[PDB]
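[1] Just the first chains of my complex for now:
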Amino acid sequence: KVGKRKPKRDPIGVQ
């Protein structure tokens, strides 16, 4: 919508 982040599948973990 307006100001809403795209439904991205965020990777996890510390690189």
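    Ah, there it is. Numbering: from 1, shown residues only, chains lettered A, B, ... in the order given.
[2] Nearest the geometric middle of chain A, what residue?
    residue A:8 (4.2 Å; Cα atoms, centre = their mean).
[3] any idea which element that residue lies in?
    Using DSSP states H and E, residue A:8 falls within no helix or strand.
[4] Quick check: phi and psi on it?
    Backbone torsions of residue A:8, given as degrees, to the nearest 10, read phi -80, psi 150.
[5] Look at residue A:3 and say how many residues are nearby.
    Neighbourhood size, residue A:3 [other Cβ atoms under 10 Å]: 4. To be clear about C-beta, it is placed using only N, CA and C from the backbone, and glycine gets the same treatment.
[6] oh, I was asking about residue A:2
    Neighbour tally, residue A:2, other Cβ under 10 Å: 3.
[7] what's the answer for the one 5 residues further on, then?
    Per other Cβ under 10 Å, the neighbour tally for residue A:7 reads 5.
[8] Against residue A:14, how distant is it?
    24 Å (Cβ to Cβ, to the nearest Å).
[9] ditto for residue A:6
    Residue A:6 is 24 Å from residue A:14, where distance means Cβ to Cβ.
[10] try residue A:3
    29 Å.
[11] what number of residues lie near residue A:6?
    Neighbours of residue A:6 under the rule other Cβ under 10 Å: 4.
[12] Another chain to add, chain B:
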Amino acid sequence: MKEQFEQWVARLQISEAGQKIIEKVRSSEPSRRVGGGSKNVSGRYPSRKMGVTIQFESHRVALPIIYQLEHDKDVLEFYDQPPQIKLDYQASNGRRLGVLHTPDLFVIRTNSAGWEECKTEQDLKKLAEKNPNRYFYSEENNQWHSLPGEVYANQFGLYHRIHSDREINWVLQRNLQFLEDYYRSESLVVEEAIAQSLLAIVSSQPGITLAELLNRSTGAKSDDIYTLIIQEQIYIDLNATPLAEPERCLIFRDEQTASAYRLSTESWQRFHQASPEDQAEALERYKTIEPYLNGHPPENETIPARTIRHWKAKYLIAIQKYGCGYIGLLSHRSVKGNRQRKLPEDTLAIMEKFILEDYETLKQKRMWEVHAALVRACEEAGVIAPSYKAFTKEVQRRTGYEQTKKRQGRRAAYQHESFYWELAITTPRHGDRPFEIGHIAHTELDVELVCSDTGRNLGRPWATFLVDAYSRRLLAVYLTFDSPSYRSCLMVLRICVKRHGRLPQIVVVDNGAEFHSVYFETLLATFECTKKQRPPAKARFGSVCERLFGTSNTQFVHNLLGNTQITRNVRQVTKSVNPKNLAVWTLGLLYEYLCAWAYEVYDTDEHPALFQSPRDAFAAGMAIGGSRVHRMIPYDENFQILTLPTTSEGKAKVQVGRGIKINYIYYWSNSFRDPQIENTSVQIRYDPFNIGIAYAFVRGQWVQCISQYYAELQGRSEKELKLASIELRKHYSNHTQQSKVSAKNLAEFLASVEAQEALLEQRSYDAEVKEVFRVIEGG
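    Time to bring in chain B:
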């Protein structure tokens, strides 16, 4: 990765179209982002199985199934929001309609794959009773089934399953949340001597409780014991008794030994119908009759003979046909009364209609006017008009949530909304151990602050609190003049991971913007914190946090000069009482004393909900639940560059002789002279509080980069940069020549403009928060 999936398909002989759906689900972003809704706590959870963030709509319906799937071995993968399926089904009438539906999860297991939809009890019953051919119950396997979902599964080689919350064992959920910290670790190595010591103590005593084993002085800790637990060396049933209660959990060496060791009514209802006054009257009747039941009647009896005889007769009747005779002396006054409505039925109907359609309306009309309108209508209709007291009394019978929502709105009706009362042992509201559920919330502190140097008023600072829900201990406190923006969040979390050690496990955070941003979500994913979101306009979901604001008002803030307390009554404010003329505090000192209150005053104060100080509860919990040193985040340079935010793209190009372009400025480093990383994309991080310094990911290391205007762009913040850029664009909009915005124009704007009120306000704000930074850093 592709070869194993291909062999999976070949082994299970999935059709070409089924393989197409599985491939599409495997490589696709989720269809829709989970919305907060109005009744569901939503959010995201880090999964090491997939290794990504998985979105749940409900933290107590879909999230338990997600936990199972994450810790289930049979499951290979579990995608969320799979692409829509056009389920075709015939309704009650007979029309075959095709409805788009998005399953909650798509689960690929080691022998099958398909869709799994999470619902609740009452939802399933209402959907079944409103749609006979869309959901039904099979008592054989005791499972809920959807006709079109399973039909589509069977036409594609897949399965369809409905997960309810009847079958979830909440003890399993509690124990999973207990041992998730040890699960997320990767190199659990218990010392051999200590492991042997526990093995001997366990094999010497079967059925030993966890509490009675932890208290033993074996030179070990609780981290060691729970590490042995998670590696199945010591068997504890994570299905019957939770580990948070270590006094009801028997310990066994293996599963086999654990299994072997494990292997009249009407009269009483009449009493329930009695009042304390009726009980006293029955007692008086018994005391009157008692001399007549022992052959020694009194010679002075005021009560007449007929009543005594009736009481005795009913005593005997009860002792004959009930079982006990006292129950025959019960009055039960409550039934008496005239409950018949004295108004005519037409008068009722009209007055119901008028209360419905002329009082509970978006006007907040007073009762007198609506009564007058009702009386006028009644006189038109030739019926009896009720009095004003009757109107007020019946209006007083409609109070609660519905009327407050239909008159004031959903925000005002929220006070009388409801309390969710726990029947069984679900996951506890306020967690089970320290560093499990932490709430984050901001507020505008009611205190005016003057400038440290020039003494001009600066306004009311913003306070950001991160507080654990278990021990109520204020985990991290932050104070800044700015509105809610990530910087806030980097900060509270920096201190969290600074003076304490790590970070929460489930962090609730309202539906801010600072939390719907990409930076905060990315950081939570990086540090593996389950992000939970309360629904909009609902405050009880972070209630434990929010009330900690009010205490800060009463114990520290409202006891200061210039507090913004008397401004609640704006209509009563004068120039002699305006806090902007009484304020004397500064940001640094206010932050210092707020930290003092939150860290040694409120920290040592006993809590009603714990019977101990928050520090004592924290120590006891981390002693029982283990220190969990593995999950410690060391506050070093690596964490410093990890907390820093970045742009939307994530990486920038290295132009030869210029560097990397971040926020209208150019940054250069020595290593950029190497042509290997020249004209290529490298990940960039930018310091919001010091623009003149950034970081770039080169050759497997973050390296500092300094802008070409270090003498002119060092120490400034990024909010001042946007202010300068907007003012520069507006000033060049005062002329027709289109001069593009670059670094040098901003540089000479910063080096030339000194008297702009907004810019001076910004520089004052940065200079003030610098002292808060120094106080944090130990200065």
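[13] Chain B added, so what about the neighbour count of residue A:3 now?
    Using other Cβ atoms under 10 Å in any protein chain shown, the number of residues around residue A:3 comes to 7.
[14] Residue B:643 now?
    20.
[15] Now do the contacts for the residue nearest to the centre of chain A.
    B:29, B:518 (Cβ atoms under 8 Å, 6 or more residues apart in numbering or on different chains).
[16] distance of it from residue B:319?
    Taking Cβ to Cβ, one finds residue A:8 at 78 Å from residue B:319.
[17] same check, this time on residue B:553
    64 Å.
[18] Quick check: residues of the stretch 501-650 of chain B near chain A?
    Taking Cβ under 8 Å from any Cβ of the partner chain as the measure of proximity, the stretch 501-650 of chain B contacts chain A at B:513, B:516, B:517, B:518, B:521, B:522, B:525, B:526, B:527, B:528, B:642.
[19] for the last one, what are its contacts?
    Yep, that's residue B:642 we're talking about. A:14, B:523, B:526.
[20] Which strand or helix spans the residue in the stretch 501-650 of chain B that chain A sits nearest to?
    As assessed by Cβ to the nearest Cβ, chain A sits closest to residue B:525 within the stretch 501-650 of chain B, at 4.2 Å. Using DSSP H and E, residue B:525 sits within helix B:518-527.
[21] how about the helices of the stretch 551-700 of chain B, start to end?
    B:579-582, B:587-596, B:614-624, B:637-643 (DSSP state H, counting those that start in this stretch).
[22] add chain C to the structure above, sequence below:
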Amino acid sequence: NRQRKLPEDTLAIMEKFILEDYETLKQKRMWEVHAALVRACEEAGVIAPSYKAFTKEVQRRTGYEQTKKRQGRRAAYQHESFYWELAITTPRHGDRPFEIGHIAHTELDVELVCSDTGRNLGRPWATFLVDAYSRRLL
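    If we add chain C to the chains shown above, we get the following:
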């Protein structure tokens, strides 16, 4: 028994604390000022009072003084002494119509819309001229 039970030194110290730490432009809560009073009493070696005693002696000093030294003069204006006429001066509201008439402005608590383009025009302002004798809206 109309005799006071607390010692006189405690009474004086509690009066001083109420005057100089509760009637201030800070709106301090009763608990914190009571705690400060108790600490001062313990340093002074005098018998400390109870929270009920502090609350009862604060609700006995209520009025203009408390509301003005706590919230200001515009808040104590509700706790004002009325004017009660012993003798009969000129009547306050008027001997006859059109003798004393009041002018007053306000803004009506209603959002108004335009009659042509239908945007929000904000809240209007109403001015009233009232004949104070008959209270009639002239």
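[23] so, the neighbour count of residue A:7 revisited with chain C in the model?
    That count, for residue A:7 with other Cβ under 10 Å as the rule, works out to 14.
[24] Okay, it and chain C: tell me how far apart.
    For residue A:7, the distance to chain C equals 36 Å [Cβ to the nearest Cβ, to the nearest Å].
[25] What residues does that residue make contact with?
    Residues in contact with residue A:7 (Cβ under 8 Å, 6+ apart) are B:29, B:30, B:31, B:32, B:33, B:55, B:81.
[26] so the third one touches residue B:79, yeah?
    No. Using Cβ atoms under 8 Å, residue B:31 makes no contact with residue B:79, being 10.2 Å away.
[27] In terms of neighbours, single out the busier of those two.
    residue B:79 (22 against 13).
[28] In the sheet, which residues pair with the residue nearest to that one when sequence neighbours are not counted? Tell me.
    Among residues not flanking residue B:79 along the chain, residue B:106 sits closest, at 4.4 Å (Cβ to Cβ, 6 or more residues apart in numbering or on different chains). Taking DSSP bridges as the rule, residue B:106 bridges to residue B:79, residue B:115.
[29] ok, residue B:106 - contacts?
    Contacts of residue B:106 (Cβ under 8 Å, 6+ apart): B:25, B:78, B:79, B:80, B:82, B:113, B:114, B:115, B:116.
[30] do the same with residue B:273
    Contacts of residue B:273 (Cβ under 8 Å, 6+ apart): B:330, B:332, B:334.
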